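The chain below stands alone, shown as structure tokens; this is the form deposited in one PDB entry.
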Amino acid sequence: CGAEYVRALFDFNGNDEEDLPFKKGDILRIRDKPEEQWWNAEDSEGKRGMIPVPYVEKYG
């Protein structure tokens, strides 16, 4: 896409440290990147959290 679009192939609704919940095949937009591992993305609910980049992928 381009509009900071990332898909979560993995699942982890959990929240070890206030992480961002998601499943396999979820859509999450890339907002900011406070960390090098976890980025602040927005799930399909305007929920901004630190989603794992290694758990999600980049869209076209």
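Start at 1 with the first residue shown and count on from there.
The next section is about a form of this same protein that is not shown, the form solved in complex with a partner chain.
In the bound PDB entry, none of the heavy atoms of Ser44 sits within 4.5 Å of a heavy atom of its partner chain. Using a 4.5 angstroms threshold between heavy atoms, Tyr5 stays clear of its partner chain in the bound PDB entry. Contact between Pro52 and its partner chain in the bound PDB entry is found at the 4.5 Å heavy atom cutoff.
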